[PDB]
Amino acid sequence: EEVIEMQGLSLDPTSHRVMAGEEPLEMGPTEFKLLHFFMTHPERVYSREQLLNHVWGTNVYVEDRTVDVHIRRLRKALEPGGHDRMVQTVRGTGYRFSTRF
Amino acid sequence: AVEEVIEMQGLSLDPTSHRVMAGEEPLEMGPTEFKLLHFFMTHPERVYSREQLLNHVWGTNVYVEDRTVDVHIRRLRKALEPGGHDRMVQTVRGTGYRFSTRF
DNA sequence: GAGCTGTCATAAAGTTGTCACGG
DNA sequence: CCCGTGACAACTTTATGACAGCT
C-alpha cells in the first residue's frame, strides 16, 4: 500500500491523508474509504450496489441512494483543487473515477 | 535519543541538549510530552494510534489507558502554542494522531 | 520557590444513513 | 436506477479542566 497520485491529487494510506497539490483536504472516514477504493480502481464504473459491497460490506444493509450522498460529499471535499471532476457519474450504471474527462 | 537535530517549520528538537525551541525561544514541557514530540518528529506524516504511541513512547501499552494519550497530546499542544506549532499535532479521527508540517 | 502523571466525568465536534424537494 | 443537494436526529470520537498521589 503506497501513496496514490493522479492529476495532482494524492492519497497516502500511511499518513491517512488527502491532498490537492500541497493543500490537504478534510473529509470524513467513509469518504476517505470511498476515494481510497475509486483511486484503487479508476477507469471502471460501479453501480451503487457494487459500492456498498466493496466499501461497506457484502452483508451491509445501507440503501443504494446512500452512495449518491457520499459521492456528493466526496465531491464537495474534492473541490478546492477542482478534482471533483474525477468523481464521475454514469447514468443508469453508477459512478466512475477517472483521470480522463 | 539519536544524535543530530530535528528542524521543521521553525520548530526544533535537539537530543544533545534535550531541548525544544520555536525559532530561538525555548519551549518548556515535561519529560513525556518531550518524548512524544521526539517520536512524532522522527516519524512525521504518519498516523499512529493511541495504542501504538503507548508502545513506542511509554515502551509498553500495559500500564496506561489509551485515552491518556489524548491528555498528553493536549499538553504537548499547550506547549507548542507560543510559536504556533501546536498546529502540527493533528487529530486523525478514528485513527489516532499524526505529526505533520503540511497543514 | 514543585513539577509530573494517569483517569474521570463532561462538554465538544465531527459523522452517518435517510429524506423531501428540485433539477 | 435518474441524480444532486441541503437538512436532520442520533450517534461516536475528542478535547478539557480537575484531582490526588508521587517522584
# chains A, B, ... in the order shown; residues from 1 in each chain; ligands from 1
>>> interface_residues(of="chain C", to="chain B", cutoff="9 Å", atoms="only C-alpha atoms (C1' of nucleotides)", output="list in words")
residues 3, 4, 6, 7 and 14 of chain C
>>> select_by_dssp(residues="chain A", states="strand (DSSP E or B)", output="compact mmCIF listing (two decimals) with N, CA and C atoms, in the first residue's frame")
# COMPACT_ATOMS: atom_id res chain seq x y z
N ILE A 4 -0.97 7.08 -3.54
CA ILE A 4 -1.59 7.11 -4.85
C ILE A 4 -1.67 8.56 -5.33
N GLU A 5 -1.17 8.80 -6.54
CA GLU A 5 -1.17 10.14 -7.11
C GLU A 5 -1.77 10.14 -8.52
N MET A 6 -2.64 11.13 -8.77
CA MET A 6 -3.30 11.29 -10.06
C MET A 6 -3.83 12.70 -10.25
N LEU A 9 -3.69 14.89 -7.38
CA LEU A 9 -4.48 14.52 -6.20
C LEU A 9 -3.76 13.32 -5.63
N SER A 10 -3.53 13.34 -4.32
CA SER A 10 -2.82 12.25 -3.69
C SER A 10 -3.52 11.69 -2.47
N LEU A 11 -3.37 10.39 -2.26
CA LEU A 11 -3.95 9.75 -1.09
C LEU A 11 -2.89 8.80 -0.54
N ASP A 12 -2.37 9.13 0.64
CA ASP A 12 -1.34 8.32 1.31
C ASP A 12 -1.95 7.63 2.52
N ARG A 17 -3.96 10.59 4.55
CA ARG A 17 -4.24 11.96 4.12
C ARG A 17 -4.54 12.22 2.64
N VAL A 18 -5.41 13.18 2.41
CA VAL A 18 -5.77 13.53 1.04
C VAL A 18 -5.34 14.96 0.74
N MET A 19 -4.48 15.10 -0.26
CA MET A 19 -4.00 16.43 -0.63
C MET A 19 -4.10 16.82 -2.10
N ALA A 20 -4.75 17.96 -2.32
CA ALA A 20 -4.84 18.54 -3.66
C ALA A 20 -3.55 19.37 -3.71
N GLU A 23 -2.09 21.30 -0.80
CA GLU A 23 -3.26 21.59 0.02
C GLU A 23 -4.01 20.33 0.46
N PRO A 24 -4.05 20.10 1.77
CA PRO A 24 -4.74 18.94 2.33
C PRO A 24 -6.25 19.18 2.32
N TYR A 46 -18.98 1.53 -11.38
CA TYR A 46 -19.56 0.68 -10.36
C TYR A 46 -20.97 1.14 -10.13
N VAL A 87 -14.66 12.44 -10.00
CA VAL A 87 -15.74 11.64 -9.45
C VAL A 87 -16.86 11.77 -10.46
N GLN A 88 -16.89 10.82 -11.39
CA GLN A 88 -17.85 10.85 -12.48
C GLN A 88 -19.08 9.95 -12.46
N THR A 89 -20.20 10.54 -12.83
CA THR A 89 -21.46 9.83 -12.88
C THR A 89 -21.62 9.11 -14.22
N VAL A 90 -22.40 8.04 -14.21
CA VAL A 90 -22.66 7.29 -15.41
C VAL A 90 -24.11 6.85 -15.33
N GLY A 94 -24.02 3.94 -12.68
CA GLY A 94 -23.40 4.22 -11.40
C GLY A 94 -22.35 5.31 -11.43
N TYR A 95 -21.23 5.07 -10.75
CA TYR A 95 -20.16 6.04 -10.71
C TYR A 95 -18.82 5.51 -11.19
N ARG A 96 -17.96 6.45 -11.55
CA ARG A 96 -16.64 6.13 -12.06
C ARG A 96 -15.64 7.13 -11.53
N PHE A 97 -14.39 6.73 -11.45
CA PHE A 97 -13.35 7.64 -11.03
C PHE A 97 -12.39 7.61 -12.21
>>> interface_residues(of="chain B", to="chain A", cutoff="8 Å", atoms="only C-alpha atoms", output="list in words")
residues 45, 46, 47, 92, 93, 94, 98, 102 and 103 of chain B
>>> closest_atom_pairs(of="chain D", to="chain A", cutoff="12 Å", atoms="only C-alpha atoms (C1' of nucleotides)", output="CSV")
residue,atom,partner,partner_atom,distance
D:1,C1',A:92,CA,5.5
D:2,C1',A:91,CA,7.0
D:3,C1',A:68,CA,7.7
D:4,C1',A:72,CA,7.4
D:5,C1',A:72,CA,8.3
D:6,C1',A:69,CA,11.0
D:13,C1',A:29,CA,11.9
>>> residues_around(residues="range 15-23 of chain C", least_positions_apart="4", cutoff="8 Å", atoms="only C-alpha atoms (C1' of nucleotides)", output="number ranges by chain")
A: 28, 62, 66; D: 12
>>> interface_residues(of="chain D", to="chain B", cutoff="9 Å", atoms="only C-alpha atoms (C1' of nucleotides)", output="list in words")
residues 13, 14, 15 and 16 of chain D
>>> select_by_dssp(residues="chain B", states="helix (DSSP H, G or I)", output="ChimeraX atom specification")
/B:31-42,50-58,68-80,85-88
>>> write_last_selection(atoms="N, CA, C and O atoms", output="short mmCIF file (atom, residue, chain, number, x, y, z; two decimals), in the first residue's frame")
data_model
loop_
_atom_site.label_atom_id
_atom_site.label_comp_id
_atom_site.auth_asym_id
_atom_site.auth_seq_id
_atom_site.Cartn_x
_atom_site.Cartn_y
_atom_site.Cartn_z
N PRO B 31 8.79 15.69 30.76
CA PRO B 31 9.57 14.64 30.09
C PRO B 31 8.83 13.86 29.00
O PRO B 31 9.39 13.61 27.93
N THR B 32 7.58 13.47 29.27
CA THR B 32 6.79 12.72 28.29
C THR B 32 6.49 13.51 27.00
O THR B 32 6.84 13.08 25.90
N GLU B 33 5.81 14.64 27.17
CA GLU B 33 5.46 15.49 26.05
C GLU B 33 6.68 15.64 25.16
O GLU B 33 6.55 15.72 23.94
N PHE B 34 7.86 15.63 25.76
CA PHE B 34 9.11 15.75 25.01
C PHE B 34 9.41 14.46 24.27
O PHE B 34 9.85 14.48 23.12
N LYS B 35 9.21 13.33 24.95
CA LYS B 35 9.44 12.01 24.37
C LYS B 35 8.49 11.80 23.20
O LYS B 35 8.89 11.30 22.12
N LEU B 36 7.23 12.17 23.42
CA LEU B 36 6.20 12.08 22.39
C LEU B 36 6.70 12.90 21.21
O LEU B 36 6.90 12.39 20.10
N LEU B 37 6.93 14.19 21.46
CA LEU B 37 7.40 15.05 20.40
C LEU B 37 8.62 14.47 19.73
O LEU B 37 8.78 14.61 18.51
N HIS B 38 9.48 13.81 20.50
CA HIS B 38 10.67 13.24 19.88
C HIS B 38 10.26 12.10 18.97
O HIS B 38 10.89 11.88 17.93
N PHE B 39 9.21 11.37 19.34
CA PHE B 39 8.77 10.29 18.46
C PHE B 39 8.09 10.88 17.21
O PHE B 39 8.48 10.58 16.06
N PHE B 40 7.09 11.72 17.44
CA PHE B 40 6.37 12.38 16.35
C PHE B 40 7.34 12.96 15.30
O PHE B 40 7.21 12.68 14.11
N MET B 41 8.30 13.75 15.75
CA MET B 41 9.26 14.36 14.82
C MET B 41 10.18 13.42 14.05
O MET B 41 10.71 13.79 13.01
N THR B 42 10.38 12.21 14.56
CA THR B 42 11.23 11.28 13.83
C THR B 42 10.33 10.43 12.95
O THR B 42 10.80 9.77 12.03
N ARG B 50 -3.43 5.66 19.42
CA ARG B 50 -3.06 5.87 20.81
C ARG B 50 -2.25 4.66 21.31
O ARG B 50 -1.18 4.80 21.91
N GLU B 51 -2.77 3.47 21.02
CA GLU B 51 -2.10 2.26 21.44
C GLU B 51 -0.65 2.20 20.99
O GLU B 51 0.23 1.88 21.78
N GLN B 52 -0.38 2.49 19.72
CA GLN B 52 1.00 2.42 19.24
C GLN B 52 1.90 3.44 19.94
O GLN B 52 3.07 3.17 20.23
N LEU B 53 1.35 4.62 20.21
CA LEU B 53 2.10 5.66 20.88
C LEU B 53 2.53 5.15 22.24
O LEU B 53 3.65 5.41 22.70
N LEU B 54 1.63 4.41 22.89
CA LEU B 54 1.93 3.83 24.19
C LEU B 54 3.15 2.93 24.06
O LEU B 54 4.15 3.11 24.75
N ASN B 55 3.08 1.99 23.13
CA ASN B 55 4.19 1.07 22.90
C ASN B 55 5.48 1.79 22.55
O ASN B 55 6.53 1.45 23.08
N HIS B 56 5.41 2.77 21.66
CA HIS B 56 6.61 3.50 21.24
C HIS B 56 7.14 4.50 22.25
O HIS B 56 8.35 4.56 22.49
N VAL B 57 6.26 5.30 22.84
CA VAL B 57 6.68 6.31 23.80
C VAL B 57 6.86 5.73 25.20
O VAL B 57 7.94 5.84 25.80
N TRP B 58 5.80 5.10 25.72
CA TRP B 58 5.84 4.50 27.05
C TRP B 58 6.60 3.17 27.07
O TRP B 58 6.88 2.62 28.14
N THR B 68 -5.14 8.25 27.66
CA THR B 68 -4.16 9.03 28.40
C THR B 68 -3.35 9.77 27.36
O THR B 68 -2.77 10.83 27.63
N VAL B 69 -3.31 9.21 26.15
CA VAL B 69 -2.57 9.83 25.07
C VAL B 69 -3.21 11.16 24.69
O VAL B 69 -2.50 12.13 24.41
N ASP B 70 -4.54 11.22 24.68
CA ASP B 70 -5.23 12.45 24.31
C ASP B 70 -4.70 13.55 25.22
O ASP B 70 -4.26 14.61 24.76
N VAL B 71 -4.76 13.28 26.53
CA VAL B 71 -4.31 14.23 27.54
C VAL B 71 -2.91 14.74 27.23
O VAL B 71 -2.66 15.94 27.23
N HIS B 72 -1.99 13.84 26.96
CA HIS B 72 -0.64 14.24 26.66
C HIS B 72 -0.56 15.04 25.36
O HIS B 72 0.14 16.04 25.31
N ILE B 73 -1.28 14.60 24.32
CA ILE B 73 -1.30 15.31 23.04
C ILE B 73 -1.74 16.74 23.35
O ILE B 73 -1.23 17.71 22.77
N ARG B 74 -2.68 16.89 24.27
CA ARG B 74 -3.15 18.21 24.63
C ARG B 74 -2.06 19.05 25.29
O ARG B 74 -1.84 20.21 24.91
N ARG B 75 -1.39 18.47 26.29
CA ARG B 75 -0.31 19.17 27.00
C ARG B 75 0.84 19.52 26.06
O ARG B 75 1.48 20.56 26.20
N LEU B 76 1.09 18.67 25.07
CA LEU B 76 2.14 18.93 24.11
C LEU B 76 1.70 20.17 23.33
O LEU B 76 2.52 21.05 23.02
N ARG B 77 0.41 20.22 23.03
CA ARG B 77 -0.20 21.33 22.29
C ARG B 77 -0.07 22.64 23.02
O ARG B 77 0.42 23.63 22.46
N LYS B 78 -0.52 22.66 24.27
CA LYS B 78 -0.40 23.87 25.05
C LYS B 78 1.05 24.33 25.04
O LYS B 78 1.32 25.52 25.11
N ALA B 79 1.98 23.38 24.94
CA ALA B 79 3.41 23.68 24.96
C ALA B 79 3.96 24.13 23.62
O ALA B 79 5.07 24.65 23.53
N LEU B 80 3.19 23.91 22.56
CA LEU B 80 3.64 24.30 21.23
C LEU B 80 2.92 25.55 20.69
O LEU B 80 3.20 25.98 19.57
N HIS B 85 3.24 26.32 16.77
CA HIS B 85 3.43 24.96 16.27
C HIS B 85 2.45 23.89 16.79
O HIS B 85 2.58 22.72 16.45
N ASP B 86 1.47 24.29 17.59
CA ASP B 86 0.51 23.33 18.09
C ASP B 86 -0.29 22.81 16.90
O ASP B 86 -1.07 21.87 17.03
N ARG B 87 -0.10 23.46 15.75
CA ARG B 87 -0.77 23.07 14.50
C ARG B 87 -0.27 21.76 13.95
O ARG B 87 -0.96 21.12 13.16
N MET B 88 0.94 21.37 14.32
CA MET B 88 1.50 20.15 13.76
C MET B 88 1.03 18.86 14.42
O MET B 88 1.24 17.78 13.88
#
>>> closest_residue(among="A:43, A:1, A:63, A:84", to="chain C", atoms="only C-alpha atoms (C1' of nucleotides)")
A:63
>>> closest_residue(among="A:44, A:70, A:85, A:75", to="chain C", atoms="only C-alpha atoms (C1' of nucleotides)")
A:70
>>> atom_distance(atom1="CA of residue 83 in chain B", atom2="CA of residue 23 in chain B")
7.5 Å
>>> closest_residue(among="A:35, A:58, A:67, A:76", to="chain C", atoms="only C-alpha atoms (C1' of nucleotides)")
A:67
>>> closest_residue(among="A:86, A:45, A:60, A:3", to="chain C", atoms="only C-alpha atoms (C1' of nucleotides)")
A:60
